[PDB]
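Here is the structure we will look at, set down as structure tokens.
Rule-based calculations on the coordinates, nothing more; no lab input. With ideal geometry, Cβ positions are generated from the backbone for all residues, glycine too; neighbour counts draw on all protein chains shown.
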Amino acid sequence: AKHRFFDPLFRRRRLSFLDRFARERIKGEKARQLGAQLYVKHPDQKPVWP
Amino acid sequence: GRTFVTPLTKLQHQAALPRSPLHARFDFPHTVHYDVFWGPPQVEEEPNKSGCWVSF
Amino acid sequence: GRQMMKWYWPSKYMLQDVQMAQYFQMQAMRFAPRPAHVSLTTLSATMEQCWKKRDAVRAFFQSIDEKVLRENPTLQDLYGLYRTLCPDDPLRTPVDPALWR
Amino acid sequence: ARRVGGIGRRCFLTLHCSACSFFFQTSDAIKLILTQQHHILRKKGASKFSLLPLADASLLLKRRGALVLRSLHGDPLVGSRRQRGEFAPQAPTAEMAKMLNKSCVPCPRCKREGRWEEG
Amino acid sequence: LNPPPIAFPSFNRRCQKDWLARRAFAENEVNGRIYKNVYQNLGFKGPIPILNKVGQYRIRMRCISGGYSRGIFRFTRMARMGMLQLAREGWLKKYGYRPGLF
Amino acid sequence: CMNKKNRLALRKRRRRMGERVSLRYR
Amino acid sequence: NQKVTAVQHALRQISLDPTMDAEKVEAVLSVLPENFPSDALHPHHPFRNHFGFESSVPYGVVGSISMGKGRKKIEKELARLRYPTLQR
Amino acid sequence: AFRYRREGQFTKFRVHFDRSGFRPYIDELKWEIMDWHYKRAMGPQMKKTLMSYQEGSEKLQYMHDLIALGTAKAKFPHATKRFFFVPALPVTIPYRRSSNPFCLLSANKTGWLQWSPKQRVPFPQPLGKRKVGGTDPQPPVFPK
Amino acid sequence: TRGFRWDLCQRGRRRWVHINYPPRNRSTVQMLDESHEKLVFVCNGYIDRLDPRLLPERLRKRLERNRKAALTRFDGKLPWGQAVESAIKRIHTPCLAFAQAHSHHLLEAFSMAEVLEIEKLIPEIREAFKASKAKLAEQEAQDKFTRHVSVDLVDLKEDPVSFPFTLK
Amino acid sequence: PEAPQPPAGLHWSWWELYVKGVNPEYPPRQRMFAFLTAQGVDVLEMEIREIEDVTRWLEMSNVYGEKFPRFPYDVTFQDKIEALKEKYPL
Amino acid sequence: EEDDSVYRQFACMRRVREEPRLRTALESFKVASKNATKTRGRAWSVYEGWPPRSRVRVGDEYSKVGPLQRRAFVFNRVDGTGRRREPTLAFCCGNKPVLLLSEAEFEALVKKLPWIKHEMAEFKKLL
RNA sequence: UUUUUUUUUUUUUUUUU
RNA sequence: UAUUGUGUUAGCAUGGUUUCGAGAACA
RNA sequence: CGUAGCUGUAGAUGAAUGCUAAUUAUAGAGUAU
RNA sequence: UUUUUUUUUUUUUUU
RNA sequence: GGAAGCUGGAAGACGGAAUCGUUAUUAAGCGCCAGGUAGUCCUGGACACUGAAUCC
RNA sequence: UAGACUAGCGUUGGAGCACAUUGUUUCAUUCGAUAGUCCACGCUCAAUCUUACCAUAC
């Protein structure tokens, strides 16, 4: 079991994008493409971490 | 080129040290004072805590 | 150089990870013993050697005057340890003035 | 009322002499060493002989001579505006006394070797 | 709504640039004295262009809980709003802060 | 030290240290 | 530890192969640092007094990413000297 | 003349920061405020993982002791409890190893400290209705 | 919000030949990509010289006193050619120069006559490179030890407080 | 799964974990440890500020390829490796 | 208090009391210092053994005082690190504002020489 | 208070050799 | 021991914290 | 500490302080009249 | 103090 | 950018009208520094002395 | 029953910062409008950085 610590400010931001991902409407193709590579996977389950 | 001797090293060479604790080096009264900082574990060292002076 | 560096917040991507694998290892090794005895081992198995050569070292102090005892770290310690095995051992009239021993 | 030296009659610009009785401010120190340059040069034994023209007595009183003396004398009493409170200027006679004694400059009163002191 | 988490500042390019100059000056601090020593011994005053980009004066005060480069003190190291939020959250009491006095 | 108050202070301060500065104007 | 080491190493010269007839008394008194010059302690620094004594002051971080640091390569040198110099 | 009421006036307006007995406080708060968030986010998470598998938890600990020391010094029969796991977290504050015999952390020989499962006196006590920053994972919502 | 440096507002070293930096009818550059330095381009030259012989008696006396003297005065030349332009002689001659890749700064220019002389001296200059290669090995051994460092004291260091001394 | 930690005196050393990159789980540091160790440098006794400085160049020269070793004052990447080796022999 | 009756009767203690002069100690230090720093001690070896600037061809290179040239110019330029070695060709007058670097740049000049020669004639010569 | 590891231009980033 | 874009339209008339301007605190 | 007290000058019809061929200090760089 | 001095006063302290 | 020497014939004795407000160690004068992480203000912050009158 | 009156006392000039008319490839995006979140605004200090602007290019 691994649990990588993350910035508390990033936790709330992650849920903000995910909440409106499959619930509300998001415009622009670039926003979805770039937004599907940072909040789509859990920080602990990522392959590489900065 | 030149190979001189530093003043600090010169003093070290010329110094009559005592042979064990029971031998008196000096022959006059002298008082030694120094400040020692004690307290909880500080993340950083406190400056101005290394003074040493002698009075006679 | 060291004064200006003390600014801003420190790095956040270098914290210790909460790994369960390392938690069990720390608990298992927490109850380890302390068989160091770095000082005791040196003294041990040494008194027997002095006892074997007790007669050989008995004449060492007879031919050495008290005024010649300048190296106390090697002589004062030896004299003290020797008396432990043989509490009574009058070598000559002169003795320590209750200061060096 | 408006005396020089304040209540304690301070004097942070004069230097005393061990021999004889004569004192002068740091302003006259620069002129004395320059005027008596022949004695100093001969004591030790072109680039070295650069201040020879300044030894003239009349040249010092001209417009050119007035600027040369003021250039060397930086007015140590004047400093930054933040040098207030405990950070106040001290007597600069410590540096002047060392140079005046090492250069072996004769005293105007009596011809003597290094005999100056702080005072 | 939700006051900021004061332990981790947001992203700021200008804030990071100021810290970059600090590291460069520390390594080059030794070279700065060498440039002044050689000129002093020879008795000639000249410029040092290399010190422009690695100079000590290039760095200035900045807000850690911020990114503005004005209104920061050496005691608090925070802006007007940085100190207000920190003091109102109950963090300075242990450090001898009594707001009763004016 | 731009006004006559602060500027004159410097001249008066030096007068108490064992120096004589002209005073006169400003 | 440093008292026993000097004493134990000195018994080798005292064991017989009454008095010593004043011929081999100096042998036992020559293998100790007390009556020996401190000039041969370091060939790279020929001097009388260069080395001091180490202190017992705790060092290191209680807990951080640098727990296994101890003393630096250059710091260990000054830890066994009376004071630093600038003769090297 | 009030003497005690005017104490500290001299070292308030007529003293330098580097020429006074006042010590800085920002240095200590730098490493103290950051560590608070670490224990809050990783606190409940560590306990949840420990309690995830109730039974068979002591088997892993028992086997680990057979590799480090070999002989299980804390071995006990089947009719006796082995140990109680306590959720602990690592230390992040770079404290100095002081020589104070009365200190609580100077004699620390491990990089883990116990965590209180319940606290009745919260350290970050607010002075009003304001909440603590970074304590609202779920985003807000407006009536719209 | 003043300027940083005042040196940019002054004339630097004379270029001997004056050429208009902004081109009007310049061709297209070729090659000089991998090096990324000292690009080659063609331009128009303009030579200029001054011969103080035709000057009047009034101005010639002062001009010579400043030029042929112990030290230069007023750059050793008169002000702008308000009245001396009559004696100024300039001949147009095509020339070329080099410019920096990224910096885009002028380095120097060469006359057309000097350019042809370089071609005729190709055999003479080519053989000169062989002499330099001979000294390449000799200077390698002498220039390698140009690094002063403090003597290393540690020697994979001992713990020499008192003991060990019998161990030595 | 996990390597042991036999430090001196205690039984835990966070310094060796960070330099090896086992605890931080940083791929850039994991590959750096196997590189410097082969060169013969005492990485275990290096400063915190110097370890990251060298690691930055390894990743920068990998993603973009070994084609931009430029440094101020015409310095090559090989000079730093040789210089550091002398100060940290094995 | 020191007793001189014991040091005279023992040679081991006599050495410690005796304080060698600095001259004797300094002599040994010179030998040890040179042995350790065997690859150091010389910094500037481009002394007049080869006179700086240039030695192969000197005089009348680029001074625009007369028509045509006489000889070429070749020398070496020290690198910014003090370890590299490269030649030099360009020499205007002492300062050398423009440097042609090693023969890498000079090789391209010869290849481009005929191209510029045929272009300058039709560029502005006829106008 | 103690003096040395090796070394070619008038052309020392100003002169028609 | 640096590390998750934007110092850009849009705040009086939908805004969280802070605050200037006017008015009030009694049984 | 400043206006002090005290005490010399002109009991100011004329005390305004900016303009500048030119130096003092900090700074890597604040230059030209 | 009739062989004594030869003089203005500040914003922490004789715990 | 700050200060200083020398030099000195920059523009002013207008108006007893009028607009900004002070609840007395208030008002009116004069003097000092603490911070602004090299210098760098006539503003702001902050201390001390002389300190009158009116129907408020 | 404040302002209104009764004392003292700062102004229609020459000077520092700032707003504005007139210049600008760039001369800092701006607050508030008449008793003021208006002139040293978040200029507790602009000689490079602080600087968001323009030019140039990687």
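Pull up the cross-link candidates among the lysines for G:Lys24, meaning alpha carbon to alpha carbon under 30 Å and not fewer than 8 places away within one chain.
Output for G:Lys24: C:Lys52, C:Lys53, C:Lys67, G:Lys3, I:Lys168.
For J:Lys80, which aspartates and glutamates qualify as cross-link partners when the Cα separation must be under 18 Å and same-chain residues fewer than eight apart are set aside?
Straight-line reach from J:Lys80, under 18 Å: E:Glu27, J:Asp42, J:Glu45, J:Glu47, J:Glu50, J:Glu52, J:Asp53, J:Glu59, J:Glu66, K:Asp79.
Of all the stretches in chain I, which is the longest one without any exposed loop site, taking chymotrypsin sites (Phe, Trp or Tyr not before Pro) in a DSSP loop (any state but H, G, I, E, B) with at most 15 other Cβ atoms within 10 Å?
Counting at most 15 other Cβ atoms within 10 Å as exposed, the longest clean stretch of chain I is I:81-144.
By a straight-distance test (C-alpha under 12 Å), which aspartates and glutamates pair with D:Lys31 as possible cross-link partners, with residues fewer than eight away in the same chain excluded?
Partners within reach: D:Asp56.
If you take each beta carbon of peptide G:44-54 and count the beta carbons of other chains within 10 angstrom, what is the mean?
Per residue, the number of nearby Cβ atoms from other chains is 6 on average.
With each label point set 7 Å from Cα along the Cα-Cβ vector, what nm distance links D:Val4 and D:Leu61?
So the two model labels end up 2.2 nm from each other.
How high is the FRET efficiency between I:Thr1 and I:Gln100 when r is their beta carbon distance and R₀ equals 41 Å, given to the nearest 0.05?
0.90
When you count, for each residue, the other Cβ atoms within 10 Å and take the mean per peptide, how do I:120-126, G:36-42 rank with the highest first?
For the peptides I:120-126, G:36-42, the packing ranking is G:36-42, I:120-126.
Give, rounded to the nearest 20 debye, the magnitude of the charge dipole that the protein assembly as shown has about its Cα centre when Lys and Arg contribute +1 at Cβ and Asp and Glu contribute -1 at Cβ.
Using only the charged Cβ atoms, the result is roughly 7640 debye.
Say a paramagnetic label sat at a point 7 Å from the Cα of I:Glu37, along Cα to Cβ; which residues of the stretch K:43-86 have their backbone N under 19 Å from it?
What the label zone holds, given the 19 Å backbone N cut-off, is K:74-86.
To the nearest 10 degrees, how steep is helix I:128-143 against the longest Cα principal axis of chain I, on a 0 to 90 scale?
For helix I:128-143, the angle is close to 40 degrees.
To the nearest 10 degrees, how steeply does helix K:22-36 sit against the main Cα axis of chain K, on a 0 to 90 scale?
For K:22-36 against chain K, the angle is about 40 degrees.
Using only the alpha carbons of the stretch H:12-144, determine the length spanned along each of the three principal axes and report them from longest to shortest in whole angstroms.
In descending order, the Cα extents are 73, 60, 24 Å.
Largest first and in whole Å, what are the equivalent-ellipsoid semi-axes of the protein assembly as shown based on the Cα gyration tensor, each being the root of 5 times an eigenvalue?
With the √(5λ) rule applied to the protein assembly as shown, the semi-axes are 64, 50, 40 Å.
Using the charge dipole of chain J (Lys, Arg: +1 at Cβ; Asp, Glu: -1 at Cβ; taken about the Cα centre), state which of J:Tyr26, J:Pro7, J:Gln39 has its Cα farthest towards the positive end.
Of the listed residues, the answer is J:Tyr26.
I need the trypsin sites (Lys or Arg not before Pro) found in the stretch I:1-77, filtered to DSSP loop residues with at most 15 other beta carbons within 10 Å of theirs.
Of the trypsin sites (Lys or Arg not before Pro), the ones in loops of the stretch I:1-77 whose Cβ has at most 15 other Cβ atoms within 10 Å are I:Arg2, I:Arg5, I:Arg11, I:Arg13, I:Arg14, I:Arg15, I:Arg24, I:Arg26, I:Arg53, I:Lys68, I:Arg73, I:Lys77.
Magnitude of the Cβ-charge dipole of the stretch I:64-150, K/R +1 and D/E -1, about the Cα centre, nearest 20 debye?
Here the stretch I:64-150 has a charge dipole of around 360 debye.
What trypsin sites (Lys or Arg not before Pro) does the stretch E:4-102 have in DSSP loop regions with at most 15 other beta carbons within 10 Å?
E:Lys45, E:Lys53, E:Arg58, E:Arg60, E:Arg70, E:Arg74, E:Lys93, E:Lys94
Against the longest alpha carbon principal axis of chain H, how many degrees, from 0 to 90 and to the nearest 10, is the axis of helix H:57-68 turned?
In chain H, helix H:57-68 runs at an angle near 90 degrees to the longest axis.
For n ≥ 4 DSSP H runs only, could you compute -39500 (n - 2.57) per run for the protein assembly as shown, divide by its residues and tell me the 222 nm figure to the nearest 500?
-9500 deg cm²/dmol
Which GluC sites (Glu not before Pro) in the stretch I:1-93 pass both tests, a DSSP loop state and at most 12 other beta-carbon atoms within 10 Å?
Taking the stretch I:1-93 and a limit of 12 other Cβ atoms within 10 Å, the loop GluC sites (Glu not before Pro) found are I:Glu34.
What fraction, in whole percent, of alpha-carbon pairs in the stretch D:1-41 exceed 12 Å separation?
That fraction is 70 percent.
Looking at chain H, identify the longest residue range that excludes and avoids all GluC sites (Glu not before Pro) in DSSP loops having at most 11 other Cβ atoms within 10 Å.
By the stated rule (loop sites, at most 11 other Cβ atoms within 10 Å), H:56-144.
When Cβ neighbours within 10 Å are restricted to other protein chains, what is their mean count per residue of peptide D:10-20?
2
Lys/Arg Cβ at +1, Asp/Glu Cβ at -1, dipole of the protein assembly as shown taken about the Cα centre: which of C:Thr46, I:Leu156, E:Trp91 is farthest positive-ward?
E:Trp91
Which one of K:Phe106, K:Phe75, K:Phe91 has the biggest mean-square fluctuation once chain K is modelled by GNM with Cα springs under 10 Å?
K:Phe106
Going down the list I:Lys135/K:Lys112; A:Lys46/H:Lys48; I:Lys120/K:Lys125; G:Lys73/I:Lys144; B:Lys10/D:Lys102, which pairs span over 25 Å between their C-alpha atoms?
Too far apart for the 25 Å limit: I:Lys135/K:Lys112; G:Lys73/I:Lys144; B:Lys10/D:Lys102.
May I ask for the longest run of chain K untouched by GluC sites (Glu not before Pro) that are loop-located per DSSP and have at most 12 neighbouring C-beta atoms (other than their own) within 10 Å?
Within chain K, the longest run free of exposed GluC sites (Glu not before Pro) spans K:49-127.
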